[PDB]
Amino acid sequence: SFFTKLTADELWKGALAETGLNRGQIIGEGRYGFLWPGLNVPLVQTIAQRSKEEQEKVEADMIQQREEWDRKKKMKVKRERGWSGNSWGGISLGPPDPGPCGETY
Amino acid sequence: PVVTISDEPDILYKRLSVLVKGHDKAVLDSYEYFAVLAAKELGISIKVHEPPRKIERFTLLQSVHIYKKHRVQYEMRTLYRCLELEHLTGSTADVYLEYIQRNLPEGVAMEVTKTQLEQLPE
Amino acid sequence: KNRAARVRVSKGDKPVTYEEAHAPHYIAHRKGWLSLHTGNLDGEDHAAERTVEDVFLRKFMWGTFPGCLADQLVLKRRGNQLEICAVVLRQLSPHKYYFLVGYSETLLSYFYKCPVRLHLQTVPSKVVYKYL
Amino acid sequence: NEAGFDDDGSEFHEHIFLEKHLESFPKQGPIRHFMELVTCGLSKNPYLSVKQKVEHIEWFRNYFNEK
Amino acid sequence: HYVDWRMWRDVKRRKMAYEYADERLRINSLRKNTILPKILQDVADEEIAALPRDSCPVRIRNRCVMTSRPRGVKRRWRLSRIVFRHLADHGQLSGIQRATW
Amino acid sequence: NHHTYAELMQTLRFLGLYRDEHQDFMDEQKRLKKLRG
Amino acid sequence: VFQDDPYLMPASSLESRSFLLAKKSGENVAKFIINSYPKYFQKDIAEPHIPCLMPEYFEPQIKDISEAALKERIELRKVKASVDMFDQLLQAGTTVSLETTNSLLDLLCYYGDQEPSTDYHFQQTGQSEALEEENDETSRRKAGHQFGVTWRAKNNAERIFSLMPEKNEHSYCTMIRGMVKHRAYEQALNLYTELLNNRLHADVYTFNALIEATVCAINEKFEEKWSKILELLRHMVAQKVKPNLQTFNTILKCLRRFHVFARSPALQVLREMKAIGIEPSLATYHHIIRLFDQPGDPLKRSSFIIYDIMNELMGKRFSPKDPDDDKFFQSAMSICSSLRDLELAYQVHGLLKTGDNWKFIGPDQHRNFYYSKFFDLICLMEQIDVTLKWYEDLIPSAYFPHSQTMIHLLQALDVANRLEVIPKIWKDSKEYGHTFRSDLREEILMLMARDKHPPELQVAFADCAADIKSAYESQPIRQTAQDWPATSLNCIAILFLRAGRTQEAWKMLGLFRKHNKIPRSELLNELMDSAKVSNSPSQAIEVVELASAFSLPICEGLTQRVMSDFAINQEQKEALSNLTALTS
Amino acid sequence: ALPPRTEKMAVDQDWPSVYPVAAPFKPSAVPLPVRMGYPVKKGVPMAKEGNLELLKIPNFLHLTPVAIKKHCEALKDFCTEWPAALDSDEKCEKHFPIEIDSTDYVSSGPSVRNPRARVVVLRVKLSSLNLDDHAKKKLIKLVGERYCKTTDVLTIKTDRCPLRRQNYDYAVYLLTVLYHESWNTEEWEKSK
Amino acid sequence: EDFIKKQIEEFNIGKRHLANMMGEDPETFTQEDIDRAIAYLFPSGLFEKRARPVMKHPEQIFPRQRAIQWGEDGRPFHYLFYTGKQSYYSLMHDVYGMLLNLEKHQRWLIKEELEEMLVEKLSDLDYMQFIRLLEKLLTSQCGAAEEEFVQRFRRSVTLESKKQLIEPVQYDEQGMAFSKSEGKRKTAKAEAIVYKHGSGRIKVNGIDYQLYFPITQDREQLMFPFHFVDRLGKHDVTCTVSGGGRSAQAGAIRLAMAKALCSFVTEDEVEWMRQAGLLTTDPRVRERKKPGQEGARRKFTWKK
RNA sequence: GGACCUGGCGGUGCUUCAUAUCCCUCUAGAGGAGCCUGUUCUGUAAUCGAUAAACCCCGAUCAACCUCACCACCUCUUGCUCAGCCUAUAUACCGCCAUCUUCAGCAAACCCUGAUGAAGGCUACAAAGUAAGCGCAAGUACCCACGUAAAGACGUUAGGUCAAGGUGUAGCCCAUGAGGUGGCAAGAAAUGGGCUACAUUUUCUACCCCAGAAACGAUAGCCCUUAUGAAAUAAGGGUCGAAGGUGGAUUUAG
Ligand SMILES: C[NH+](C)c1cc(NC(=O)CNC(C)(C)C)c(O)c2c1C[C@H]1C[C@H]3[C@H]([NH+](C)C)C(O)=C(C(N)=O)C(=O)[C@@]3(O)C(O)=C1C2=O
Ligand SMILES: [Mg+2]
Ligand SMILES: [Mg+2]
Ligand SMILES: [Mg+2]
Ligand SMILES: [Mg+2]
Ligand SMILES: [Mg+2]
Ligand SMILES: [Mg+2]
Ligand SMILES: [Mg+2]
């Protein structure tokens, strides 16, 4: 039920269980595609509805953007090896933090 | 400013008593000052009275499953202010009661208005 | 330990406002109520559907104003004027705000059968009362 | 507290005085005594209107004629 | 689109009892008067015994308005203990305090 | 009655004038379930 | 109507109109979705019953071929559905009654064989606000043509009229009115002659349709059409139908189309109105105002009748009768703007404040034009205290002023010589959104650096000019890539030098260098004065080099000043001599 | 954003013009830096521009004493005055005998259905009815449960019919038919 | 600070608006009127008075920000800067010097108040050493500058006077003199009227004391004040009582006679009788039951 | 393996205390009888969860049907639902809590000591500590500043609930889901907690405390009537006249 639905912050807290993902959505998109003038397209003053080919093309573009976002999660980052991989002995931390007394290192 | 003096003599309300009852003493006495000032410049004798508050208290369990010994107790603070009114006209009752219930406050308000219209026997 | 409406202290970096900073034992000692309806006062009959309408409106507002309501709503109900007061951020476009204002206005009007008034307040950033 | 809510101008006799819908049988009968009881109960009803009161009365009339 | 099948069964009870409410009243008065002959009440006994056993308001369980929980419901808001605790502790419900006295 | 509530929210979300995070969560989860299960 | 948040505040009239159309958009948004799903809103809780909160049903609930279904579809205004099942009724052989055939042809003549528009008509007013001063005749020719339905021959209406057995006055009147509305003027006249042959009576709106059709007929003299109007009103009297306000207002609109030759006919029309005893309306006065006001008239007694009209019209409260009362206030006060008459404009504002003439103001565009002309006139011939009092009384409470109104403010303040109000009205223009108005920028800068000012005014001007320069820098990548004006540069530089922002003046002399704009001699002399104060021969040689680079004819005087006023090394003296030799 | 009207406005302005209606706070509209809340230990009460608790307050800003004064200058039309019925309770009792109780219970929400709001009850004085001796004896014997001894007040309740006006009709009808049956002498009165 | 300056300006302009808002276009709008006006404008309803709305000047609203102790060259102003407690240590130095030159010539402030006056965090033992130093200066015979130094460090006492409030003797009824007093003990209210003479006559609730009080303990409780003050058969009391039980009523009645015989006795004897313990309300009232218990303080069974 | 650091333990020392918690003490009870109500065990075709302190009139401010998820029998397939499941996992969780807590500690960011180890940071006649923030405190509620409430951080016991609901993981869809009808809640026994008693300061009657008369105890069993309900559990009356003689060790509360 809509009433027993609950927020995603609570949902992800309960799911991740770390105490012992909706940014790819524009504000007026639905699968029926009743695109309004206030949302999606800007404010000719004409209410309309897109076709099946436009709907399937738009959702295919959204999904391929989703797998692109998944890839830009799962690239491989290159860490320089220090004395061996999975070690810390030659790892270069950056230059030291700039001192509060107008000092640079 | 339409008036429409129509036909029939007054319904003659004596003692319209307004019981204003809420959760908040500051709302109650600010409304008291508002209504007393209003009736003061209207010219009708308004009087104040404070019926004692009633608190509806009850108990619920705190845990979901066990532990009856640890309970949360909740209460409702229900606070009365009696604004009894005598010697006011029927039309004046309409206009004063009109403005009072229009600028009635929020959920911290109820107003039980007790009208004693007099009339003649038959 | 009591875990009712108390946000815990992590280490000192957690922005938090007055509302969810204060605990339920300060419920009107310091906080006050987010919804003003006269249903829960000693003589009244309809408080149950008042409450289910309250939770309906809060979830509806959170779902139709997506990611812009700063903290929780002010739901007042006087006579038949239902008032929804909002604390919405300044990040979307004002035509979109007015669009959703009218949309919520007359949707709630035809759902609750009363004059419903949306009173908005725009804020730049989520206000911080303390850091926990 | 009574915006609308006319109840078709019933005006104080249709609600409580139900002789005209009582349609007197032999009044010494237990059927008539039961009808007095039902008439008094429907008179004490403030929630039902005269239409439901009478329709209830002729439901009793129909069932008693069936038996 | 409900909380559970039990609450759907309960709202079926509510609706169909509310619509089979009038005749049950009529002949339950015909029960609990002492005016009529016993057999003329007996024929009524079989017809109420034939009236369906889901409209009798003895099956009516006041479950919570928000989530199906039979025992632990306060009638004044039709709310269960801990859902009432939830709302009254976030302070989305007016007038309720913590009772300290 | 819950039918007007739940079905109106179903329709309005699928209109896209409502964003329900609970249903979004189960949509993503069941997408992954049909992906692997 | 707008909210009370400063972020949600519309700054301009265009922004206010955009917000209002967004609100109306969202309103009919939910109207569409609620009428699409009426099952979710059938549960009424409010008592008493509210039918205008109850959702409206647009689908025909009567499915069998019946006259009740015909009336239902007529009330639902489904033109093709009504026509199709009327054909179904004719195929079934059911005799369709006279009143509902009349109603079907009413719908057909009103809508022109087309469905009602799904969009509520608020469009066809989207003209840009940068073309309000030129070519009103071609504006009339390209704006008086609403793309309505032309009356096509052999339409469904004519089919029904030919099919129906017993023609009556109602059907004939409807057909004449529909033909006139859809521009079949000659066909409507022929059908009126057929009505007169068939011995029927035409009512008021049909007669006004006939008057409009006779006037809109092509290739006839104004004398002939006036004689035709007289014949039509004689026919109206012979048919014993009483003319009215809308009749004579249609006549007045027609003679307004008929221009100069119809002024004495207009006077005769209004005299006949007062003789018969029907009160002339604001739209009657609007029609005669817009008739008598024409560009190119050298007499203006046609503008003295406006004083006559108001001598009739002070002190009266009015009711809605005729749609052109907003146009009345707009047109009469356009006369005020044309005539430059402060007393008559004040009399107009007084008549406005009497009663609900503030409601008779009408739409937002008419209100904006009204108050813009009002405050233009006030700034044109009033004193500065009452102009600023009207400024704080009207702006932005009544309207959002325009860029012409701002430069008129600047002209009023310049004639006033009360230049201390310049930063305040500048901040007001910036908060109203006139930041990117180059004409406003140029006007404020030249009026601002025209004269020498007290130092507090100078530093306020320095702050304002710094913000102007900030806006000029912070306009990135637009198609109107406006180059920095030389006058605006010179004025900003002069203000910065007068207030003492010499380093800012030097870096924006670098900005002069990058935009290749010719500096002014007064500015160069002020730079020499600043170099005298700072004792900087390097900066003096710098600005002299800029003057030599632009080959200005004052460079020899600048050099002679530099040699007379500074201790100069020999290589810098040689460089200056070389620059003088190059310029010579 | 914009520089707000809080500092745009000046002194000597009309607050009835600013706030006509009961509205929530709107601190940009309010020319008053209202600080709300329990402060932090080394801090101040939190500011004006974003206060959920200041929006939660019932906000009696729209009713200021000059607004009451000017508003009731507007409302002074809608009233007549009383006759010389006097402050004396016995005087007004003599002028107008009966006293009828008919009240309303105002809720706040969608519906205005408070059924108990139809309750009506009539109090009349025998010393003002003036015409009952063995009729008052018969009257008391009819209505035994009411008419307390200390004060001569007869209180007849009606809650039997849904409408308030026919409840008033029930009250006046019971008054007149109790009066008529009290004056109707019966044949078994002497065998008391 | 510029924050403080523009806040002060905003407060001035706001209080000007606020006086114009309510009724007070005259310039003189005082702080209690400001509090009353904002109390009416925003009806508080919050139990915490600091959670109620406030309109004060930014000096009282904002805390005391300490000024910069060094300029644009380093070089801190006070010579005792590097102690980190410059005000406290300068004070210690000054008092010690005043003791030194005094010797060569021959209630108290709380820690929080001294912290407010110094705008420096302070230790308990530091405050104690300061107090001992000032006590040494007081015990030493000191001059007037020393005395005013001690007095600007010393504060008021706000002593309370504890003579029993004598009710007036109202000469009324026909010709008799009486006092009407009140008493309360354990949800029982008793208001009594004693006439000076009448040789001892009690009228509890219209009847006599042997009728309303069949218990000799209750009659003894009634006797108690008269027997203490040796005026047994001299006065008369008519009393009306609501609520409670027999002993609660007897105690409330007794408190009423004591708090009226106070008016009818001399001041030394009423101080003596207050010492005897008859003029003080007994605050011992019934406690509350608690959830999870079996009474006020009684608990359930096995817990250990 | 040697030497440490930190913590926990010690039938570990010294010193000071606890006061209804430590003993001697003060009062009233349990454990002994009957009844009510949970639990264990047995039984049944017949739910589940709690189960040292922190379970045992516990989820329940409460089961004739309903509740109900249990069992028996018989039926339903896009099933109120763009299904659902009270299927398992409280050792994935959220949610809401217990316990220490009838505590005062927890601490971001720094600095110093230890030849720059784990670590540690105490001396007011002062030897390296400074501290944002949470908590105690303070401020609130009730009748006072007293008392009682509320409040009590970090963490402990993988402490309690996937069965309030939501939910990750794994599973089902001829099923483990859905509906209808009928039954399940009985004691060879034991135990926790309450209620009533074993009487003389008691019992019955009037009175609600100045009398008269005795010289005991079931809210259990059976019968009748009534309340509510479709279908009795509760109430009253009648009937009966149990065991029981103030309860050991131990223990509870103030
Ligand atoms: C057997 N031990 C290793 C155990 C295991 C688990 N969980 C698992 O390993 C199971 N994991 C799967 C099922 C595979 C997902 C466990 O989950 C548990 C425990 C311990 C129990 C002990 C419980 C016990 N009570 C219930 C009789 C008890 O006396 C105590 C106690 N200290 O009083 C407990 O610790 C206990 O309650 C408890 O919590 C246990 C577990 O949680
Ligand atoms: Mg590797
Ligand atoms: Mg378990
Ligand atoms: Mg199952
Ligand atoms: Mg606990
Ligand atoms: Mg506690
Ligand atoms: Mg505390
Ligand atoms: Mg465990």
# chains A, B, ... in the order shown; residues from 1 in each chain; ligands from 1

$ residues_near_ligand --ligand "ligand 5" --cutoff "9 Å" --atoms "only C-alpha atoms (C1' of nucleotides) and all ligand atoms" --output "PDB file with N, CA and C atoms (P, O5', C5', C4', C3', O3' and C1' of nucleotides), in the first residue's frame"
ATOM      1  N   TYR B  67       8.500  -6.458  27.416  1.00  0.00           N
ATOM      2  CA  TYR B  67       8.803  -5.358  28.328  1.00  0.00           C
ATOM      3  C   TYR B  67       7.580  -4.501  28.620  1.00  0.00           C
ATOM      4  N   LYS B  69       6.851  -3.636  31.577  1.00  0.00           N
ATOM      5  CA  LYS B  69       7.146  -2.790  32.725  1.00  0.00           C
ATOM      6  C   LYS B  69       7.641  -1.410  32.314  1.00  0.00           C
ATOM      7  N   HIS B  70       8.112  -1.254  31.081  1.00  0.00           N
ATOM      8  CA  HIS B  70       8.619   0.020  30.583  1.00  0.00           C
ATOM      9  C   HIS B  70       7.609   0.575  29.588  1.00  0.00           C
TER      10      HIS B  70
ATOM     11  N   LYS C   1      18.042   1.753  25.573  1.00  0.00           N
ATOM     12  CA  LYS C   1      18.124   3.173  25.260  1.00  0.00           C
ATOM     13  C   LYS C   1      16.919   3.615  24.444  1.00  0.00           C
ATOM     14  N   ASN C   2      16.562   4.890  24.565  1.00  0.00           N
ATOM     15  CA  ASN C   2      15.427   5.437  23.837  1.00  0.00           C
ATOM     16  C   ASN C   2      15.860   5.874  22.442  1.00  0.00           C
TER      17      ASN C   2
ATOM     18  P     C J  97      11.511   4.089  21.782  1.00  0.00           P
ATOM     19  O5'   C J  97      11.489   2.886  22.817  1.00  0.00           O
ATOM     20  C5'   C J  97      12.669   2.463  23.474  1.00  0.00           C
ATOM     21  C4'   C J  97      12.540   1.039  23.941  1.00  0.00           C
ATOM     22  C3'   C J  97      13.531   0.596  24.999  1.00  0.00           C
ATOM     23  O3'   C J  97      13.146   0.985  26.308  1.00  0.00           O
ATOM     24  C1'   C J  97      13.398  -1.043  23.295  1.00  0.00           C
ATOM     25  P     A J  98      14.246   1.138  27.471  1.00  0.00           P
ATOM     26  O5'   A J  98      14.607  -0.361  27.873  1.00  0.00           O
ATOM     27  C5'   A J  98      13.639  -1.222  28.453  1.00  0.00           C
ATOM     28  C4'   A J  98      14.208  -2.593  28.718  1.00  0.00           C
ATOM     29  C3'   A J  98      15.439  -2.638  29.604  1.00  0.00           C
ATOM     30  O3'   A J  98      15.101  -2.611  30.977  1.00  0.00           O
ATOM     31  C1'   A J  98      15.751  -4.029  27.705  1.00  0.00           C
ATOM     32  P     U J  99      15.901  -1.661  31.988  1.00  0.00           P
ATOM     33  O5'   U J  99      17.339  -2.337  32.089  1.00  0.00           O
ATOM     34  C5'   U J  99      17.507  -3.615  32.683  1.00  0.00           C
ATOM     35  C4'   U J  99      18.929  -4.093  32.543  1.00  0.00           C
ATOM     36  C3'   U J  99      19.988  -3.063  32.890  1.00  0.00           C
ATOM     37  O3'   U J  99      20.249  -3.022  34.279  1.00  0.00           O
ATOM     38  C1'   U J  99      20.506  -4.063  30.812  1.00  0.00           C
ATOM     39  P     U J 101      24.946   1.010  37.268  1.00  0.00           P
ATOM     40  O5'   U J 101      23.542   1.520  36.724  1.00  0.00           O
ATOM     41  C5'   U J 101      22.849   2.567  37.394  1.00  0.00           C
ATOM     42  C4'   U J 101      21.869   3.285  36.497  1.00  0.00           C
ATOM     43  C3'   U J 101      20.725   2.441  35.944  1.00  0.00           C
ATOM     44  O3'   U J 101      19.547   3.242  35.874  1.00  0.00           O
ATOM     45  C1'   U J 101      21.941   3.392  34.159  1.00  0.00           C
TER      46        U J 101
END

$ interface_residues --of "chain B" --to "chain E" --cutoff "10 Å" --atoms "only C-alpha atoms" --output "JSON, numbers by chain"
{"B": [22, 23, 24, 55, 56, 57, 58, 59, 60, 61, 62, 63, 64, 72, 73, 74, 75, 76, 77, 78, 107, 108]}

$ residues_around --residues "range 16-19 of chain A" --least-positions-apart "3" --cutoff "8 Å" --atoms "only C-alpha atoms (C1' of nucleotides)" --output "VMD selection string"
(chain A and resid 12 to 13) or (chain J and resid 92 to 94 168)

$ interface_residues --of "chain I" --to "chain H" --cutoff "9 Å" --atoms "only C-alpha atoms" --output "MDAnalysis selection string"
chainID I and resid 10:11 13:18 20:23 25 40:45 48:55 61:63

$ residues_around --residues "residue 2 in chain B" --least-positions-apart "6" --cutoff "12 Å" --atoms "only C-alpha atoms (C1' of nucleotides)" --output "ChimeraX atom specification"
/H:75,77-78

$ residues_near_ligand --ligand "ligand 3" --cutoff "10 Å" --atoms "only C-alpha atoms (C1' of nucleotides) and all ligand atoms" --output "list in words"
residues 49, 50, 90, 160 and 161 of chain J

$ write_last_selection --atoms "N, CA and C atoms (P, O5', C5', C4', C3', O3' and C1' of nucleotides)" --output "PDB file, in the first residue's frame"
ATOM      1  P     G J  49       8.597 -20.457  17.995  1.00  0.00           P
ATOM      2  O5'   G J  49       8.708 -18.946  18.477  1.00  0.00           O
ATOM      3  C5'   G J  49       9.270 -17.956  17.631  1.00  0.00           C
ATOM      4  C4'   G J  49       9.099 -16.573  18.204  1.00  0.00           C
ATOM      5  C3'   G J  49       9.626 -16.359  19.611  1.00  0.00           C
ATOM      6  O3'   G J  49      11.030 -16.180  19.670  1.00  0.00           O
ATOM      7  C1'   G J  49       7.474 -15.422  19.441  1.00  0.00           C
ATOM      8  P     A J  50      11.858 -16.729  20.933  1.00  0.00           P
ATOM      9  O5'   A J  50      11.367 -15.823  22.146  1.00  0.00           O
ATOM     10  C5'   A J  50      11.833 -14.491  22.302  1.00  0.00           C
ATOM     11  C4'   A J  50      11.439 -13.926  23.643  1.00  0.00           C
ATOM     12  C3'   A J  50      12.045 -14.613  24.859  1.00  0.00           C
ATOM     13  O3'   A J  50      13.317 -14.080  25.186  1.00  0.00           O
ATOM     14  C1'   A J  50       9.703 -14.333  25.165  1.00  0.00           C
ATOM     15  P     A J  90      18.309 -16.155  13.173  1.00  0.00           P
ATOM     16  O5'   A J  90      18.568 -14.746  13.860  1.00  0.00           O
ATOM     17  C5'   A J  90      17.865 -13.584  13.437  1.00  0.00           C
ATOM     18  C4'   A J  90      18.328 -12.373  14.204  1.00  0.00           C
ATOM     19  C3'   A J  90      18.243 -12.515  15.724  1.00  0.00           C
ATOM     20  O3'   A J  90      19.421 -12.070  16.438  1.00  0.00           O
ATOM     21  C1'   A J  90      16.968 -10.638  15.007  1.00  0.00           C
ATOM     22  P     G J 160      18.377 -12.286  21.585  1.00  0.00           P
ATOM     23  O5'   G J 160      17.169 -11.319  21.944  1.00  0.00           O
ATOM     24  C5'   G J 160      16.239 -11.658  22.960  1.00  0.00           C
ATOM     25  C4'   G J 160      14.873 -11.150  22.599  1.00  0.00           C
ATOM     26  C3'   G J 160      14.566 -11.198  21.114  1.00  0.00           C
ATOM     27  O3'   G J 160      14.097 -12.473  20.717  1.00  0.00           O
ATOM     28  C1'   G J 160      14.047  -9.054  21.959  1.00  0.00           C
ATOM     29  P     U J 161      13.820 -12.800  19.173  1.00  0.00           P
ATOM     30  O5'   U J 161      12.266 -12.517  19.015  1.00  0.00           O
ATOM     31  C5'   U J 161      11.672 -12.493  17.733  1.00  0.00           C
ATOM     32  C4'   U J 161      10.721 -11.336  17.590  1.00  0.00           C
ATOM     33  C3'   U J 161      10.574 -10.787  16.182  1.00  0.00           C
ATOM     34  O3'   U J 161       9.648 -11.531  15.412  1.00  0.00           O
ATOM     35  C1'   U J 161      10.877  -9.003  17.718  1.00  0.00           C
TER      36        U J 161
END

$ interface_residues --of "chain F" --to "chain J" --cutoff "10 Å" --atoms "only C-alpha atoms (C1' of nucleotides)" --output "PyMOL selection string"
chain F and resi 3+6-7+10+22+29

$ residues_around --residues "residue 33 in chain E" --least-positions-apart "6" --cutoff "10 Å" --atoms "only C-alpha atoms (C1' of nucleotides)" --output "PyMOL selection string"
(chain D and resi 34+37) or (chain E and resi 27+41)

$ atom_distance --atom1 "CA of residue 123 in chain G" --atom2 "CA of residue 14 in chain G"
14.1 Å

$ residues_near_ligand --ligand "ligand 1" --cutoff "8 Å" --atoms "only C-alpha atoms (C1' of nucleotides) and all ligand atoms" --output "list in words"
residues 51, 52, 89, 90, 91, 157, 158 and 159 of chain J

$ interface_residues --of "chain H" --to "chain G" --cutoff "10 Å" --atoms "only C-alpha atoms" --output "ChimeraX atom specification"
/H:1-5,26-29,109-113

$ interface_residues --of "chain C" --to "chain G" --cutoff "9 Å" --atoms "only C-alpha atoms" --output "MDAnalysis selection string"
chainID C and resid 90 94:107 109:114 119:123

$ interface_residues --of "chain H" --to "chain B" --cutoff "6 Å" --atoms "only C-alpha atoms" --output "list in words"
residues 79, 96, 99, 101, 103 and 105 of chain H

$ write_last_selection --atoms "C-alpha atoms" --output "PDB file, in the first residue's frame"
ATOM      1  CA  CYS H  79     -25.732  46.458  14.555  1.00  0.00           C
ATOM      2  CA  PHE H  96     -39.785  38.006  28.332  1.00  0.00           C
ATOM      3  CA  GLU H  99     -35.706  30.805  28.198  1.00  0.00           C
ATOM      4  CA  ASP H 101     -31.344  26.617  25.047  1.00  0.00           C
ATOM      5  CA  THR H 103     -26.430  26.025  20.759  1.00  0.00           C
ATOM      6  CA  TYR H 105     -20.597  23.122  18.210  1.00  0.00           C
TER       7      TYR H 105
END

$ decode --residues "range 108-121 of chain B" --atoms "N, CA and C atoms" --output "PDB file, in the first residue's frame"
ATOM      1  N   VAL B 108      -5.504  24.552  17.419  1.00  0.00           N
ATOM      2  CA  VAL B 108      -5.652  25.013  18.802  1.00  0.00           C
ATOM      3  C   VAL B 108      -6.784  26.044  18.805  1.00  0.00           C
ATOM      4  N   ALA B 109      -8.012  25.520  18.672  1.00  0.00           N
ATOM      5  CA  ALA B 109      -9.275  26.226  18.881  1.00  0.00           C
ATOM      6  C   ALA B 109     -10.460  25.272  18.791  1.00  0.00           C
ATOM      7  N   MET B 110     -11.370  25.323  19.758  1.00  0.00           N
ATOM      8  CA  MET B 110     -12.773  25.069  19.478  1.00  0.00           C
ATOM      9  C   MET B 110     -13.556  26.141  20.212  1.00  0.00           C
ATOM     10  N   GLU B 111     -14.749  26.446  19.715  1.00  0.00           N
ATOM     11  CA  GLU B 111     -15.588  27.474  20.328  1.00  0.00           C
ATOM     12  C   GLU B 111     -17.038  27.001  20.322  1.00  0.00           C
ATOM     13  N   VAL B 112     -17.498  26.684  21.526  1.00  0.00           N
ATOM     14  CA  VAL B 112     -18.882  26.300  21.763  1.00  0.00           C
ATOM     15  C   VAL B 112     -19.617  27.564  22.190  1.00  0.00           C
ATOM     16  N   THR B 113     -20.553  28.019  21.367  1.00  0.00           N
ATOM     17  CA  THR B 113     -21.256  29.267  21.620  1.00  0.00           C
ATOM     18  C   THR B 113     -22.666  28.943  22.077  1.00  0.00           C
ATOM     19  N   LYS B 114     -22.975  29.311  23.312  1.00  0.00           N
ATOM     20  CA  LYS B 114     -24.249  29.012  23.936  1.00  0.00           C
ATOM     21  C   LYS B 114     -25.123  30.257  23.894  1.00  0.00           C
ATOM     22  N   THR B 115     -26.208  30.185  23.132  1.00  0.00           N
ATOM     23  CA  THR B 115     -27.100  31.314  22.905  1.00  0.00           C
ATOM     24  C   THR B 115     -28.335  31.142  23.770  1.00  0.00           C
ATOM     25  N   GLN B 116     -28.684  32.158  24.557  1.00  0.00           N
ATOM     26  CA  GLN B 116     -29.992  32.126  25.215  1.00  0.00           C
ATOM     27  C   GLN B 116     -30.894  33.217  24.640  1.00  0.00           C
ATOM     28  N   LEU B 117     -31.536  32.888  23.527  1.00  0.00           N
ATOM     29  CA  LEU B 117     -32.617  33.690  22.972  1.00  0.00           C
ATOM     30  C   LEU B 117     -33.879  33.564  23.825  1.00  0.00           C
ATOM     31  N   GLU B 118     -34.523  34.705  24.094  1.00  0.00           N
ATOM     32  CA  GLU B 118     -35.533  34.768  25.156  1.00  0.00           C
ATOM     33  C   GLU B 118     -36.933  34.362  24.692  1.00  0.00           C
ATOM     34  N   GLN B 119     -37.539  35.161  23.804  1.00  0.00           N
ATOM     35  CA  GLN B 119     -38.899  35.014  23.261  1.00  0.00           C
ATOM     36  C   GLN B 119     -40.015  35.048  24.307  1.00  0.00           C
ATOM     37  N   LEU B 120     -41.275  35.046  23.827  1.00  0.00           N
ATOM     38  CA  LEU B 120     -42.535  35.154  24.555  1.00  0.00           C
ATOM     39  C   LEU B 120     -43.283  33.823  24.548  1.00  0.00           C
ATOM     40  N   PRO B 121     -44.052  33.519  25.594  1.00  0.00           N
ATOM     41  CA  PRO B 121     -44.769  32.242  25.633  1.00  0.00           C
ATOM     42  C   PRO B 121     -45.949  32.201  24.678  1.00  0.00           C
TER      43      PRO B 121
END
